[PDB]
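As a convention, Cβ positions derive from the backbone with ideal geometry for all residues, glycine included, and neighbour counts pool all protein chains shown. Rule-based calculations on the coordinates, nothing more; no lab input.
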Ligand SMILES: [Cu+2]
Ligand SMILES: [Cu+2]
């Protein structure tokens, strides 16, 4: 409801009262240089959906708006131990493997990928026109997850993976009150767990958060670009907290005659296939007793320290 | 004997230095027995009190055992028979008092120590010694209520007493009524068991048990017949008696703590002030959650998991029907000795 009010889609229950606050604020920030049109000028980049993320102020305006959203969230009751527990299921560990790199290490670097612009070059003589773009890239990796099931049956679950800075700006370990908002969704996928141990393998390139690299740079698809999955990191190494949670698929599923199972496409799918709040389990306040991610966890969750190394080489597209 | 009677003076006015009058007596404390604060003015200060008493009690300076460990606890700290460090510290002091050759060397040692050791600790250790030594049987010890009312009494009455005792002459002072049902109002259904939970006799009983069956100490004072079964049965009868009271107060049988990780619904604020620590006791809010422990001074480093793990190991032994000693042999939990 609140999202429809703030954006001010036609799904707003009352535009005359709550306004069109997001879109108009964009327009305000884009027209400081000519607010009455006396200079017959158009809008800066903030006024255009195609370009607004270019401008630093974009992140400051959206940060403003997020505080309204958070003011609602924090009214909601903290998830309880029971709501967060999956009785029977214990994730004993998680690690990441990148080829050509120590365990629990992610690597980033620069890649150049060509795009043809010939179709965009009006009134220019015909033929291929290859633009060479520089952009961030990460080495492919996988997650290996150990999961003990004690319940003697088969158990279904949504695996929810996020990653966050370990430390704050001054290099002190982050407390949950802050870290929950810094948690970046890295993947979400259904799984069938057999009794006893389970070793689970998941490739970086299967993430349901992203679309193929090929969608961004030469049929369907959309989500976050694959080359931006991983944060840049640092040349010397940048510590992050990798987190995973197996939640009960029975309580998560959505009855949708025609429906990965965690995959969502807004064009095709009639319902969002996860019954948990987008951002679960980080979208609410911590129950009494938790001050940090170590205290937060139930056994069906697990944490891992990950070093995110940036390598400052540039590399052609393969 | 007079010697026996004199040890009981060590209980009178715990924080008043030992050179001050105790009853009709004074201790003639040796110079080297005074604490650092008082020694430099010692001769001036000892006389002021020393011309009041009927009796005078000589104390011989002798070589004493090493009291560094018993002295490691601060004088204005609280004493906990549950905290391992403190049990070790108490164990040591009981050792020392137990091992004095005779009652004269006990007097001398205790007189040195008293003004250097945490009063609650001193009182615990000495009492345990006096109950178990051969030469100090009989010896009617004073109740710990008369010695430390601050562990039994609403804090509000101490200034009431102080005023009464300062303003009013001895023949004319009227008794102070101790508040009851004072730790919570009607909104806490639990307040109703004030007559049990906060009874002087019930609480005195708990203390007494711990004096007779201490968990750490010389073997002499620890090893008692079926003391493990008594631990069980004593704590058991409390529950049963407690439930009995709950049924007479329109309440349910007490629920166990299901889970160490769920909030604990029953807050409690004691309204006690420790004159010894010169600090009030902390209370616990409604719906608090147990937290992992890291207290360097106390020497407790313990996750909730450590506790949960012990619980699982014990349940496993009870279900196996035996426990495993450090040598690795099995001790069967048979029907005589299992409970013990
Ligand atoms: Cu916007
Ligand atoms: Cu007890």
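Annotations for the structure displayed:
- Packing-based exposure ordering (other Cβ within 10 Å, fewest first) of B:132, B:210, A:227: B:210, A:227, B:132
- Shielding by partners for peptide B:291-300, expressed as the average number of C-beta atoms from other protein chains within 10 Å of each residue's C-beta, is 1.
- Acute angle (nearest 10 degrees) that the helix B:84-98 long axis makes with the longest principal axis of chain B, alpha-carbon atoms: 50
- With Cα atoms, 0 to 90° folded angle of helix B:200-212 axis to chain B main axis: 90
- Residues residue B:143 and residue B:288, FRET efficiency given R0 of 35 Å [Cβ-Cβ distance, rounded to 0.05]: 0.60
- Backbone N under 15 Å from the residue A:57 label point (7 Å along Cα→Cβ), restricted to segment A:1-24: A:22-24
- Counting every other Cβ atom within 10 Å of each residue's Cβ, A:11, A:181 order from fewest to most as A:11, A:181.
- Prolate/oblate/rounded label for the protein assembly as shown (Cα gyration tensor, a/c 1.5): prolate
- Taking label points 7 Å from Cα along the Cα-to-Cβ direction, residue A:4 and residue B:278 give a separation of 6.6 nm.
- Averaging the Cα positions of each part gives two centres, and for segment B:159-173 and segment A:208-272 these lie 78 Å apart.
- The calculated FRET efficiency for residue B:64 paired with residue B:335, based on their beta-carbon distance and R0 = 60 Å, is about 0.80.
- Centre separation in Å (Cα based) which lies between segment B:261-319 and segment B:213-249: 20
- Spacing of the modelled spin labels on residue A:74 and residue B:242, each 7 Å from Cα toward Cβ, amounts to 3.8 nm.
- Overall form of segment A:72-170 per C-alpha gyration tensor (a/c, 1.5; a/b vs b/c): prolate
- Efficiency of FRET between residue A:37 and residue A:99 - r from beta-carbon atoms, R0 51 angstrom, step 0.05: 0.35
- Helical mean residue ellipticity (222 nm; -39500 (n - 2.57) per DSSP H run of 4+; nearest 500) of chain A: -4000 deg cm²/dmol
- Ranked A:280, A:158, B:49, criterion: other C-beta atoms within 10 Å, fewest first: B:49, A:280, A:158
- Separation between Cα centres of segment A:15-48 and segment A:89-162, rounded to whole Å: 37
- Cα gyration tensor, segment A:1-113 - rounded (a/c under 1.5), prolate or oblate: oblate
- With respect to chain B, whose longest principal axis is taken over its alpha-carbon atoms, helix B:103-114 is tilted by about 80°.
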